[PDB]
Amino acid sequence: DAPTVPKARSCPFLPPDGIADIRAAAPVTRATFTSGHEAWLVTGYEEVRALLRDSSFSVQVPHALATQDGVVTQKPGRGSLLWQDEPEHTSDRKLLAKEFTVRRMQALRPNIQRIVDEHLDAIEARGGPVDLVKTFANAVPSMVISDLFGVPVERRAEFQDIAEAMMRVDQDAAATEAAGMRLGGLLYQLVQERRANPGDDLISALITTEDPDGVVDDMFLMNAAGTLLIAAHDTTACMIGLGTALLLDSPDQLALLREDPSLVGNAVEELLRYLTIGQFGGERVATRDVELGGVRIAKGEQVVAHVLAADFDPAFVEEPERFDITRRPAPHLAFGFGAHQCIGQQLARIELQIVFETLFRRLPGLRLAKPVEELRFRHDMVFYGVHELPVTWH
């Protein structure tokens, strides 16, 4: 009856205490997870990469281990990617990737600058103190996605409100469901409206993409839009909030940043590694027997890629436990690895670069409004973060 995965953090910016010792002894081991099911726990950097690169592992798992019951909820179909296996994941990712290009993401920089400035304009008009989460972390990323999707500015308010409601988690089952149906309704109308009046947005591009093959219908488009939005919003928001929190709690690194603004890119990469916000890790099931770190994984067995522990493997980086923005960026696993690796990562990087540069330049002497020990952390969420971040500035 294998030991329960360490979850408790005596320091909120750092991993659960017990994890380092498991990683040093047994980087592939057995554990009991939050559902009460026992699975393979993979904590070593090399092992977690080998696991994520191995296309023997399916993403269509028998148990949701991070959850109270082992119950894998309702899954989306073609175009949603997250729960697809090859060959259909892959060809559908390929279709998506044809239009959701890194070129298209780079082309969104002016948009992101504008959105970031608009939100800061609003923050500075009010003073002082504000909740950065509500007013900035949760708002910017969904607005970036609405530009990606061609949403005109008159339509932003509704999109923002619907995206936000979808995201929040002081909510019972029905409220949660209601928020999802309100979103799906919005995206269905958005799809129709792009079919009527195409534009230069991602959805209009997907509508006319080359589709041999017959697969891009309204359903496929709704699944892709919803997954892009969902995957892009809470993750980026968590990074903005936690990354700001960790920087404000790290006046040493922040000083290095103010002394040398060219460190923003490296800061963003060190923040990604340091926070690895997918705190519980990628869930896979073997579809054949596989050998991983000398240990044999049977067909049908479930495995949890603990990307957070891997991002602190001392074989990955030296003194993994210092938060050091001067590091030359290493290949962290915050965006995953292999076939399911974050498709929007170049966009997330651009957003975070613009956010952190603009935030610290525009609000100099930004400062926590309460102590760090009073902040409330996202203990049980798929994405780790803070619920609120009260701050003031000059």
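One rule holds for the numbers: they count along the sequence shown, beginning at 1.
Visitor: Name the higher of the two by mean Cα B-factor in the PDB entry, 249-257 versus 166-174.
Guide: Comparing 249-257 with 166-174, the higher mean C-alpha B-factor belongs to 166-174.
Visitor: On average, which has the higher Cα B-factor in the deposited entry, 80-88 or 268-276?
Guide: Per the PDB entry, the higher value belongs to 80-88.
Visitor: Sorting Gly226, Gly300, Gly293, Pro212 by Cα temperature factor from the record, which one lands on top?
Guide: Most elevated C-alpha B-factor of the set, per the entry: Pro212.
Visitor: Could you tell me which one of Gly127, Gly150, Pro141, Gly243 shows the highest CA temperature factor in the PDB record?
Guide: That would be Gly127.
Visitor: Select lowest, middle or highest to describe the third in which the CA B-factor of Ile325 falls within its chain in this entry.
Guide: Its C-alpha B-factor, which the entry lists for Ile325, ranks in the lowest third among residues of this chain.
Visitor: Considering every modelled residue of the chain and its Cα B-factor in the PDB entry, is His332 in the lowest, middle or highest third?
Guide: Lowest third, going by the recorded CA B-factors of the chain.
Visitor: For the chain shown, is the CA B-factor of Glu283 in the lowest, middle or highest third of its modelled residues?
Guide: Answer is highest: the recorded C-alpha B-factor places it there.
Visitor: Rank-wise, by C-alpha B-factor, drop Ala179 into the lowest, middle or highest third of its chain.
Guide: Answer is middle: the recorded C-alpha B-factor places it there.
Visitor: Based on the entry's values, in what third of the chain does the Cα temperature factor of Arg104 lie: lowest, middle or highest?
Guide: Lowest third, going by the recorded CA B-factors of the chain.
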